[PDB]
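Asks: The structure under discussion is supplied below as structure tokens; questions concerning it will follow.
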Amino acid sequence: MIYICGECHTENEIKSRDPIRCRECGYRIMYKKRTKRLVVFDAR
Amino acid sequence: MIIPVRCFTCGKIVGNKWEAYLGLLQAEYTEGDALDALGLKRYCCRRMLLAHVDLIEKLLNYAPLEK
Amino acid sequence: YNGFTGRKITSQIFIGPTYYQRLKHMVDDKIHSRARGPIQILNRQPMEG
Amino acid sequence: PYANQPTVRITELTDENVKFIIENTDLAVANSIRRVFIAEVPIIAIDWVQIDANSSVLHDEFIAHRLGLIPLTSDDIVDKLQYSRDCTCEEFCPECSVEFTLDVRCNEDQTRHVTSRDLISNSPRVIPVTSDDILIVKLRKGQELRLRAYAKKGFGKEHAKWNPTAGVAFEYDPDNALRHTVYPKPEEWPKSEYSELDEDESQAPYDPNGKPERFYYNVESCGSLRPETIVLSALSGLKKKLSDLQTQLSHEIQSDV
Amino acid sequence: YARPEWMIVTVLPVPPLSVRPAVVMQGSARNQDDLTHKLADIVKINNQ
RNA sequence: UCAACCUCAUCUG
Ligand SMILES: CO[C@@H]1[C@H](O)[C@H](n2cnc3c(=O)nc(N)[nH]c32)O[C@H]1COP(=O)(O)OP(=O)(O)OP(=O)(O)O
Ligand SMILES: [Zn+2]
Ligand SMILES: [Zn+2]
Ligand SMILES: [Zn+2]
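Protein chains in written order, with the UniProt record's numbering: chain A, 15 to 58; chain B, 1 to 67; chain C, 1106 to 1154; chain D, 2 to 132, 146 to 271; chain E, 242 to 289.
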């Protein structure tokens, strides 16, 4: 999938079985990024 | 965290009055006089503005996850 | 004034703004029920928790 | 054996408030009219939210809650709009709902106050009572809020978001003459605004044959419905409830026969 | 039912595996009960 | 058609 970097906030695409290191910053904490499917919230 | 829309007890909209409350406090108005100027009459509505702690400003200091 | 009938409550009632706290204990975390569920290996009796 | 003929005298009428007096009426009727003010007057408010992107500090359901609480002008078309359950079409359509959109991004350095003004409605008659503004969220630079919302007809019995009124002040017997409230020390008690007593007299003399009448109302509008039309719609809705009850009662009596 | 000689231990009863279950983790490993380890110690000393 | 045991600490009436 596409993981957003923890520090430089740049999306990087990491394949499976690949080390979790952002290109151009090297930070080792990525975030999965919001899903395309949309969830309905009742305003209640 | 942010000023609630509508007073809990009655439901009068108090969400539009926080920025005006802060501005009137900056002017010189006492908290009670500012609350009176904003039109808050019942102590239920005055509790909303008087006791509100605006943490959204502290949370906005942290950088966003996605830029 | 009584909400259901509108009649004034005879005894005047103490009302005021008091600070209340919501404790972490909530019923949704505590409700539990069991019916022929999982069973321990050693005792072969219903599990714990 | 028949209903009394009530009388209304409107003392104050302002865009935010209606102060009126109903005389020659029962306490039950008056209380239930107030009750219908609060809970059974239809209004328009957001009940469906779909957030495409929310990078704000507040989570998605927090934003949805605040959006639901925002009042929406419902003066005329709330009577025209149908309930979603009644509407034949699946989900929501122009007849059963009103669509709003929010697309705000804080490109500038200064904090962007997302307000109710940023909500844009597909139908001009419903607007978020903007004509300050209700603050939905504050956006730091690089934070964005995008959402689509649908607002439906409903009354406050479902959810307090559909309350058309802020505070309904109801008072009867301003000077205690029916002794419905028995003061332990009458003198310590402040006089009512509607009180006709002299300052020396704390309470009116007990009236043994009296009945609660001459009820005083102060109905404050939330801005969605005009304060006059809140009262009119409440009376009409109570009358409609009674007529539906009578129709079902007649059908069941015929069935029993 | 009970002779005094029978009190002295000449034959040690080894409880069934039901008494001493093997605690399985993820299929990767099988820990053994404390009784199994103690019986292993007893068997080692007896063989020695 | 379906997941470990110990241990300790923290809370609950
Ligand atoms: C009234 O007696 C009860 C019971 O005996 C049972 N109980 C509670 N703790 C224990 C415990 O440690 N061990 C055992 N065996 N039983 C226990 O709890 C007792 C009271 O305790 P409390 O005095 O705090 O009750 P408040 O007076 O405080 O009630 P508030 O106003 O908060 O509702
Ligand atoms: Zn990075
Ligand atoms: Zn209030
Ligand atoms: Zn429809």
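Ideal Cβ placement from N, Cα and C applies to all residues, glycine included.
When DSSP labels each residue in this structure, what does A/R42 get in the three-state scheme?
Replies: Three-state DSSP puts A/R42 in coil, outside helix and strand.
Asks: May I ask you to list the residues that DSSP assigns as paired with E/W247?
Replies: Answer by DSSP bridge pairing: none, since E/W247 is not bridged.
Asks: Could you tell me which residues DSSP pairs with D/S235 in its beta bridges?
Replies: Answer by DSSP bridge pairing, in chain order: D/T179.
Asks: Using only the alpha-carbon positions, how far apart do D/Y220 and D/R193 sit?
Replies: Going from the Cα of D/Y220 to the Cα of D/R193 covers about 7 Å.
Asks: Quick one, which of D/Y231, D/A65 and D/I150 has its alpha-carbon nearest D/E13's?
Replies: D/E13 has its Cα closest to that of D/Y231, out of D/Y231, D/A65 and D/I150.
Asks: Cutting at 7 Å between CB atoms, please list the residues of its own chain near B/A34, excluding the five before and the five after it.
Replies: So the qualifying residues of the chain are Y21, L24 and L25.
Asks: Which whole-angstrom value is the C-beta distance of D/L149 and D/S57, which I expect to be below 8 Å?
Replies: Between D/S57 and D/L149 the Cβ distance is about 12 Å, and since that is not below 8 Å, they are no contact.
Asks: Does any residue of chain A bring its CB to less than 8 Å from the CB of B/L59?
Replies: With 8 Å as the cut-off, B/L59 does not count as an interface residue toward chain A.
Asks: Answer yes if the segment 42–49 of chain B comes into contact with the segment 5–12 of chain B, meaning at least three C-beta pairs across the two stretches below 8 Å, and no otherwise.
Replies: With a cut-off of 8 Å, the segment 42–49 of chain B and the segment 5–12 of chain B count as touching, because enough Cβ pairs lie within range.
Asks: To the nearest angstrom, report how far apart D/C90 and D/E100 are at their CA atoms.
Replies: Going from the Cα of D/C90 to the Cα of D/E100 covers about 15 Å.
Asks: Is there contact here, the segment 40–47 of chain D with the segment 175–195 of chain D, by at least three beta-carbon pairs under 8 Å?
Replies: Flag = yes, the segment 40–47 of chain D and the segment 175–195 of chain D touch.
Asks: So what does DSSP say about E/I283, is it helix, strand or coil?
Replies: Helix at E/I283.
Asks: Taking Cβ-Cβ distances shorter than 8 Å, what residues in chain C pair up with D/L28?
Replies: Under the 8 Å cutoff, chain C gives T1110, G1111 and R1112.
Asks: Compute the minimum distance between the beta carbon of D/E100 and the heavy atoms of ligand 4, and state whether it is under 7 Å.
Replies: Not so, every heavy atom of ligand 4 lies at least 7 Å from the Cβ.
Asks: Looking at D/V30: is its Cβ nearer than 8 Å to the Cβ of D/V233?
Replies: Contact: no.
Asks: Run through chain A and tell me which residues come within less than 7 Å of B/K67, C-beta to C-beta.
Replies: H23, listed in chain order.
Asks: Under DSSP, the beta strand (DSSP E) around D/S98 begins and ends at which residues?
Replies: Here the beta strand (DSSP E) through D/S98 covers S98 to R106.
Asks: From D/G224 to D/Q268, what distance separates their C-alpha atoms?
Replies: Taking the straight line joining both Cα atoms gives about 41 Å.
Asks: What do you reckon, is the C-beta of D/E96 under 7 Å from a heavy atom of ligand 4?
Replies: D/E96: yes, Cβ under 7 Å from ligand 4.
Asks: Exposed or buried, what is D/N55 when buried is set at 16 or more other beta-carbons lying within 10 Å of its beta-carbon?
Replies: Looking at its Cβ environment, which holds 16 or more other Cβ atoms inside 10 Å, D/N55 is buried.
Asks: Below 7 Å, is the gap between the Cβ of D/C236 and the nearest heavy atom of ligand 2?
Replies: No, ligand 2 has no heavy atom inside 7 Å of this Cβ.
Asks: So, with DSSP's three-state summary, where would you put D/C94?
Replies: Coil at D/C94, not helix or strand.
Asks: Less than 6 Å between C-beta atoms, sequence neighbours within five positions excluded: which residues of the same chain meet that for D/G237?
Replies: The answer, listed in chain order, is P72 and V130.
Asks: Heavy atom of ligand 3 less than 7 Å from the Cβ of A/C36, yes or no?
Replies: Answer for A/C36: no, Cβ out of range of ligand 3.
Asks: Which value, in whole angstroms, describes the spacing of the CA atoms of D/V196 and C/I1114?
Replies: So the two alpha carbons sit approximately 9 Å from each other.
Asks: Does DSSP classify A/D32 as helix, strand or coil?
Replies: A/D32: coil per DSSP, three-state reduction.
Asks: Is D/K155 near D/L82, with beta carbons less than 8 Å apart?
Replies: Against a cut-off of 8 Å, the Cβ pair of D/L82 and D/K155 comes out as no contact.
Asks: At which residue ranges does the segment 165–209 of chain D contain complete beta strand (DSSP E) runs of 3 or more residues, listed in the order of the chain?
Replies: Correct list: 179–185.
Asks: Could you tell me whether the segment 16–33 of chain A touches the segment 58–66 of chain B, using the rule of 3 or more Cβ pairs below 8 Å?
Replies: Yes: at least three Cβ pairs fall under 8 Å.
Asks: According to the Cβ coordinates, are D/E96 and D/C88 closer than 8 Å?
Replies: Contact flag set, yes.
Asks: Should D/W49 be labelled buried (16 or more other beta-carbon atoms within 10 Å of its own) or exposed?
Replies: Buried: at least 16 other Cβ atoms inside 10 Å.
Asks: With a threshold of 7 Å, establish whether the CB of D/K175 neighbours any heavy atom of ligand 3.
Replies: It does not: the Cβ of D/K175 is nowhere closer than 7 Å to a heavy atom of ligand 3.
Asks: Check the Cβ-Cβ distances between A/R51 and every residue of chain D, and say whether any is below 8 Å.
Replies: No, A/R51 lies away from the interface with chain D (no Cβ there is under 8 Å from its Cβ).
Asks: Whole-angstrom Cβ separation of D/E24 and D/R228, contact assumed at under 8 Å?
Replies: About 5 Å; that satisfies the 8 Å criterion.
Asks: Per DSSP, A/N26 is paired with what?
Replies: According to DSSP, A/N26 bridges with A/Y17.
Asks: How big is the Cα-Cα spacing for D/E207 and D/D189?
Replies: When rounded, the distance between both Cα atoms is 10 Å.
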